[PDB]
Amino acid sequence: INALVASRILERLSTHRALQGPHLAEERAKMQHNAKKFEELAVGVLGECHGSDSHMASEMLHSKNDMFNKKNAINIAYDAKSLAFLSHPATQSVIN
Amino acid sequence: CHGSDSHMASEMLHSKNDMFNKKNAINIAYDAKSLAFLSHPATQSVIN
Amino acid sequence: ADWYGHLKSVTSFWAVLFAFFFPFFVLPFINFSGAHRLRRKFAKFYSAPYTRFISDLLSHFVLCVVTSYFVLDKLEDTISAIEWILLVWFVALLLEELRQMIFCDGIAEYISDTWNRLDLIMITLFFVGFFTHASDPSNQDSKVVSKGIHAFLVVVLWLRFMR
Amino acid sequence: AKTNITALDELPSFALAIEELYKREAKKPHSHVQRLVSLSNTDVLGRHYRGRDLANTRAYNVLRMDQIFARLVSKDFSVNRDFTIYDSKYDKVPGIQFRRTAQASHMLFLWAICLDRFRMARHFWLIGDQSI
Amino acid sequence: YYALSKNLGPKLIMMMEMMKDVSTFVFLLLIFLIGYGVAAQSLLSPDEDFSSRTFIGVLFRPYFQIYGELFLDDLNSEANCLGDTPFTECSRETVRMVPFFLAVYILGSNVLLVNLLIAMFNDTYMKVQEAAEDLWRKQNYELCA
Amino acid sequence: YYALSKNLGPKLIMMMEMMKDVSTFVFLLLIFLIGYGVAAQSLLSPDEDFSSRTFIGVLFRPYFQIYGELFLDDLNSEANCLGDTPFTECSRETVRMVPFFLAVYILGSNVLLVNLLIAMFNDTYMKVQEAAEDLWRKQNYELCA
Amino acid sequence: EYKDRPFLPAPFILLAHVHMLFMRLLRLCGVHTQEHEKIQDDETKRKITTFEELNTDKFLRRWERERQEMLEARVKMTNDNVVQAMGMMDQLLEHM
Amino acid sequence: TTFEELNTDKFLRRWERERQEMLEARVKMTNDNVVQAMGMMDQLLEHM
Ligand SMILES: CC(C)CCC[C@@H](C)[C@H]1CC[C@H]2[C@@H]3CC=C4C[C@@H](O)CC[C@]4(C)[C@H]3CC[C@]12C
Ligand SMILES: CC(C)CCC[C@@H](C)[C@H]1CC[C@H]2[C@@H]3CC=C4C[C@@H](O)CC[C@]4(C)[C@H]3CC[C@]12C
Ligand SMILES: CC(C)CCC[C@@H](C)[C@H]1CC[C@H]2[C@@H]3CC=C4C[C@@H](O)CC[C@]4(C)[C@H]3CC[C@]12C
Ligand SMILES: CC(C)CCC[C@@H](C)[C@H]1CC[C@H]2[C@@H]3CC=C4C[C@@H](O)CC[C@]4(C)[C@H]3CC[C@]12C
Ligand SMILES: CC(C)CCC[C@@H](C)[C@H]1CC[C@H]2[C@@H]3CC=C4C[C@@H](O)CC[C@]4(C)[C@H]3CC[C@]12C
Ligand SMILES: CC(C)CCC[C@@H](C)[C@H]1CC[C@H]2[C@@H]3CC=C4C[C@@H](O)CC[C@]4(C)[C@H]3CC[C@]12C
Ligand SMILES: [Mg+2]
Ligand SMILES: [Mg+2]
Ligand SMILES: [Mg+2]
């Protein structure tokens with residue numbers, strides 16, 4: 001959830017009004033790159049969970065989180081526009 | 001140049017050069033038929 | 001370099017074609033990469049394989065256009081002048097095919113090529129159609145059957161032009 | 001040798017040195033530098049107008065080569081040279097030491113583009129200014 | 001004025017590139033069209049003096065037959081065949097070969113040449129799309145200047 | 001309700017993607033269609049006051065001619081040409097250019113633009129099929145929610 | 001094909017045909033002529049031979065250099081060199 | 001002028017670093033280093 005949130009904040013900051021400017025270009029690029037990396041991490045950990053115990057991974061994806069306003073992680077992922085997380089077989093299995 | 005300071009790079013691309021007959025560098029690039037230079041995002045941003 | 005012979009390599013299709021059509025007006029004003037000058041230019045330019053290829057193309061194109069005109073226009077009650085010209089032309093073509101048979105690397109090498117097969121079918125179709133017309137020139141039915149065979153002749157002539 | 005032309009006499013020592021590098025390359029058999037200069041059809045100052053001794057002994061001066069390269073780029077290349085800054089009276093000027101270097105470097109770079117020596121071209125390109 | 005657009009401009013440069021393939025298709029089709037047109041026109045009217053109408057007959061139906069308008073009712077009417085089944089009970093037996101010649105021709109033109117043109121267009125498209133984008137970026141400066 | 005299916009759902013996302021290529025084709029065809037329609041309608045009726053029927057004549061036949069319905073019998077009848085050979089023995093010699101204009105137009109529209117559209121569809125298909133699958137997997141959650 | 005073909009076009013090629021038949025008849029029966037050709041000098045043959053041998057050696061040297069600059073060959077060369085390097089260290093340790 | 005020279009030097013440093021991080025250059029560098037390493041061992045064995 002923190003990796004998805006991290007990806008979302010870096011992606012939103014990279015196109016934000018505070019980061020536009022001639023000198024900030026590489027910084028912006030770096031943000032998008034880091035965002036992508038965190039997205040990969042979120043997918044990777046998720047994949048590992050589904051490899052170890054698929055049912056427990058499903059319970060993890062279905063768990064409402066007290067921090068983050070009681071939204072399940074899939075709701076967080078959709079709100080973070082993480083296409084890679086939603087297209088993963090574990091997430092799709094939980095949705096089915 | 002475009003990575004370091006895009007505005008200063010734009011000023012550099014817009015600068016008329018006393019040597020080279022007061023033509024801007026983009027005019028030089030078009031006259032040199034450098035397709036790679038003209039297709040670059042920095043040059044295209046200055047043209048836009 | 002062998003294709004263009006003793007001519008420059010920058011010569012285009014139109015330049016060589018124009019020089020072919022106008023020999024005395026384009027040859028002095030050309031670059032070749034009086035008795036000693038004119039005879040030498042005539043012997044070098046027209047011995048080139050490119051010039052012979054262009055001459056064969058133009059010749060086959062006229063053959064296609066003239067034979068096409070002959071099959072579209074109605075046949076007369078006797079053997080017409082254009083029919084005699086086409087008869088002389090296809091005997092010539094048949095003799096050229098026989099010459100190609102003699103000077104190739106065997107009958108198999110000549111018959112392997114599809115254009116030689118098209119040439120044999122072309123000559124065979126024209127002679128059937130001509131003898132069909134020439135057996136009874138005033139007969140309307142013979143003229144109709146002859147033009148029917150010569151329809152096949154025209155399609156092959158135009159297919160043979162793709163060489 | 002002394003020359004009646006005031007433009008040729010204004011030239012510094014390093015210009016004559018670049019001319020010597022052109023002469024040594026040009027004297028080799030079937031050299032494209034000599035062919036380029038001959039097919040250019042220009043006089044000693046590089047003007048397109050097409051004194052035989054002056055036209056052959058100093059056929060590879062830097063101004064003429066500048067004109068030949070100028071015709072190679074486009075129809076409106078005109079490189080501005082200022083050979084007056086190499087005199088001893090301009091030593092008190094602050095940034096001149098960069099400029100005197102840069103211009104010089106430029107001329108050598110042009111020579112290095114002519115002989116197609118990429119490494120020296122890259123080095124003189126790096127030493128001078130107006131890189132792009 | 002389509003050249004300003006990021007979608008229409010490169011496509012116009014590509015269209016000008018595909019015109020050479022269109023010309024190649026035209027050169028290949030001219031063979032089949034002239035051969036079939038002279039042959040078919042001769043079979044339909046074998047006892048007519050040559051005129052301008054003969055030349056118009058050689059080009060009109062063959063060219064438009066490559067676009068699906070086959071003119072079979074018109075060809076059947078022109079052939080003077082009175083049977084209920086098309087191209088039967090005709091005055092001359094040679095004119096009954098017109099549907100066959102046609103059968104070869106549209107096999108040559110529509111089945112073979114048009115599909116070959118589709119293959120040339122796809123290959124040409126994959127080869128020169130990035131070059132068209134680069135040329136469009138140079139034409140952006142040309143239009144700005 | 002096709003979006004639930006693993007075959008029909010991504011294809012619908014791809015169809016919505018190909019609509020931009022269809023729009024590009026429409027923008028390129030509008031040029032050839034209007035140019036040919038105004039020119040052809042003017043050649044067929046050169047002494048008529050402009051009305052709504054003139055505008056309907058400019059769009060109806062040109063658009064439907066890109067789908068193989070060529071209207072040659074209707075065009076020949078409208079041209080007032082009384083010869084057995086089509087577009088011959090006409091009252092005005094200018095209206096005999098209609099088959100030629102048409103000859104250029106369907107070369108421009110069917111031979112060139114339609115085949116170009118096939119090439120754009122193939123390239124577009126190869127580029128965005130995996131993205132359509134990913135978008136379908138996101139829409140699976142959207143439909144479930 | 002076009003080198004050996006007569007130049008005269010199709011209708012007028014009968015003149016060329018009877019001219020070639022006349023030459024064959026005048027060389028077989030009459031025997032009033034023969035065939036003439038040109039033979040290359042030994043100097044230009046040895047020049048071509050020297051050129052071909054020099055370029056053969058030059059290609060083999062360039063080919064050998066190109067094959068030694070490949071990644072596979074360099075990795076293989078590095079592996080054999082390290083193996084020979086340990087052989088030399090087996091001599092160091094022995095002596096020590 | 002200062003901006004252009006600084007960015008020219010900066011690009012050359014980045015370009016040099018990028019060319020040294022390539023696989024071919026690293027394999028070549030490793031090969032030359034092992035050759036020089038045996039030269040140093042030819043000195044060890046001699047002295048021993
Ligand atoms: C492409 C080449 C090999 C085809 C050769 C076959 C052609 C020339 C021959 C083969 C059979 C022939 C047909 C046989 C019988 C008839 C019926 C007669 O009342 C009119 C002519 C007609 C219709 C002939 C026309 C010519 C014909 C079609
Ligand atoms: C070699 C390839 C091109 C195949 C050739 C097939 C040709 C020769 C065949 C196919 C169909 C045939 C036609 C079919 C029917 C008839 C009607 C008959 O009463 C006279 C012959 C005629 C008109 C035939 C002539 C020959 C014909 C045209
Ligand atoms: C799979 C495809 C290629 C099948 C090919 C079908 C061919 C053999 C068919 C299709 C149309 C046919 C023609 C249609 C009509 C006629 C007119 C008739 O009076 C004689 C036969 C003739 C001339 C037919 C000959 C055979 C024909 C050319
Ligand atoms: C695209 C551009 C270059 C084409 C220019 C050619 C056009 C405008 C010209 C060339 C020849 C001309 C034709 C020549 C003769 C006639 C016959 C006359 O009784 C009516 C007009 C008509 C039919 C002309 C119409 C206009 C015409 C078609
Ligand atoms: C430059 C490109 C577009 C080619 C232009 C070719 C044009 C100008 C040609 C092609 C076919 C021609 C037409 C063919 C036949 C006739 C009938 C004649 O009695 C009057 C002229 C007229 C009506 C011609 C006008 C000019 C024409 C339309
Ligand atoms: C391989 C393809 C592109 C061949 C092109 C064929 C062209 C040249 C042909 C096909 C249809 C033909 C037209 C068909 C009918 C007519 C009407 C007639 O009264 C004048 C000539 C005219 C206007 C023709 C001009 C030439 C034409 C346009
Ligand atoms: Mg042959
Ligand atoms: Mg510098
Ligand atoms: Mg249809």
Side-chain angles (χ1 to χ4, degrees), chain B residues 19-21 28 31-34, chain C residues 1 6-7 32, chain D residues 1 3 5-29 31-48 51 54-74 76-77 79-83 86 102-128, chain G residues 44 47-48 50-51 54-55 58 62:
Chain B
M19 293 183 284
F20 320 117
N21 192 31
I28 284 149
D31 282 354
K33 285 93 172 177
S34 183
Chain C
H6 304 112
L7 293 173
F32 264 58
Chain D
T3 314
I5 321 292
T6 186
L8 282 193
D9 276 17
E10 188 195 357
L11 287 177
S13 68
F14 77 100
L16 314 175
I18 297 156
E19 170 157 23
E20 283 211 353
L21 293 162
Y22 276 121
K23 282 181 184 173
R24 188 196 194 266
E25 189 67 25
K27 79 185 179 180
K28 295 185 166 56
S31 63
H32 80 84
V33 168
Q34 179 171 350
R35 306 188 51 204
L36 175 79
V37 171
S38 68
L39 289 194
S40 65
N41 310 312
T42 69
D43 58 280
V44 305
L45 297 177
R47 296 175 276 100
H48 187 273
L54 181 52
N56 313 315
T57 60
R58 305 192 41 72
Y60 305 103
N61 71 89
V62 291
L63 302 156
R64 185 180 186 189
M65 299 313 291
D66 267 322
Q67 290 306 130
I68 293 168
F69 300 150
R71 298 173 216 287
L72 293 170
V73 181
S74 69
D76 46 329
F77 207 83
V79 54
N80 287 322
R81 303 291 189 202
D82 189 3
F83 302 115
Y86 298 98
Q103 180 157 267
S105 176
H106 193 251
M107 294 176 70
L108 277 165
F109 164 72
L110 292 183
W111 159 83
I113 291 309
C114 183
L115 272 61
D116 193 33
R117 301 173 173 192
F118 178 77
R119 282 181 291 149
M120 291 180 183
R122 184 196 197 272
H123 183 69
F124 294 137
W125 169 80
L126 172 58
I127 285 182
Chain G
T44 197
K47 195 188 283 188
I48 288 155
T50 301
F51 174 78
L54 177 81
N55 282 278
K58 188 184 190 296
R62 178 173 59 85

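Residue numbers begin at 1 in each chain, while the letters A, B, ... track the order of the sequences. When reading the values below, keep in mind they use all heavy atoms of this one structure, side chains included, and skip hydrogens, waters and symmetry mates.
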### Task
Consider only side-chain N and O atoms of D:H123 and D:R117, and report whether a donor and an acceptor are under 3.5 Å apart.
no
### Task
Work out which heavy atom in D:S31 is nearest to a heavy atom in D:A26; give both atom names and the distance.
OG-O, 2.9 Å
### Query
Within a strict 4.5 Å, meaning less than it, do heavy atoms of the D:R64 and D:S40 side chains meet?
yes
## Note on the structure
On a heavy-atom basis, the closest approach of D:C114 and D:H32 is O-CE1, 3.2 Å
### Query
How many angstroms lie between CG in D:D66 and CZ in D:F77, if you round to the nearest 0.5 Å?
8.0 Å
## Note on the structure
CG of D:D43 to CD1 of D:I5, rounded to nearest 0.5 Å, is 8.5 Å
### Query
So D:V44 and D:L63, side-chain contact (heavy atoms from CB on, under 4.5 Å) or not? Walk me through it.
CA-CA 8 Å; D:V44 305; D:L63 302 156; over 6 Å; no
### Atom of D:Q103, atom of D:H106 and distance for their closest heavy-atom approach
O-CB, 3.0 Å
#### Entry: Side chain to side chain, D:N61 and D:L45, heavy atoms closer than 4.5 Å
no
### Message
With side-chain contact (heavy atoms from CB on, under 4.5 Å) as the criterion, how do D:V33 and D:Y60 come out once you've worked through the C-alpha distance, each side chain's angles and the decisive distance to 0.1 Å?
### Response
CA-CA 9 Å; D:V33 168; D:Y60 305 103; 4.3 Å; yes
#### Entry: Check: D:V79 and D:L110 side chains under 4.5 Å, non-hydrogen atoms
no
### Query
Would D:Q67 and D:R47 satisfy side-chain contact (heavy atoms from CB on, under 4.5 Å), going step by step from the backbone distance to the final call?
CA-CA 7 Å; D:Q67 290 306 130; D:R47 296 175 276 100; 6.0 Å; no
Show me the donor-acceptor pairs within less than 3.5 Å that the side chains of residues 11-20 of chain D make with the rest of the protein, sequence neighbours left out.
unit_1 : atom_1 : unit_2 : atom_2 : d
D:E19  : OE1    : D:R58  : NH1    : 3.0
D:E19  : OE1    : D:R58  : NH2    : 3.1
D:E19  : OE2    : D:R58  : NH1    : 3.2

#### Entry: Heavy-atom side-chain proximity of D:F124 to D:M107 below 4.5 angstrom
no
### Partner residues of D:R119 under the side-chain contact (heavy atoms from CB on, under 4.5 Å) criterion, sequence neighbours left out
none
### Summary
For D:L36, the side-chain contact (heavy atoms from CB on, under 4.5 Å) test, sequence neighbours excluded, returns D:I68
### Straight-line distance of B:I28 CD1 to B:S34 OG, nearest 0.5 Å
11.5 Å
### Task
Can you see which heavy atom on D:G128 is nearest to which on D:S105, and at what distance?
N-OG, 3.4 Å
### Summary
Sorted by chain and residue number, the side-chain hydrogen bond (donor to acceptor under 3.5 Å, both in side chains) partners of D:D82 (sequence neighbours excluded) come out as D:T84
#### Entry: Audit row: D:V62, D:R81, side-chain contact (heavy atoms from CB on, under 4.5 Å) steps and yes/no
CA-CA 10 Å; D:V62 291; D:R81 303 291 189 202; over 6 Å; no
### Query
Would you say D:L108 and D:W111 make side-chain contact, with heavy atoms under 4.5 Å?
yes
### Task
For residues D:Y22 and D:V37, determine if any side-chain heavy atom of one lies less than 4.5 Å from a side-chain heavy atom of the other.
no
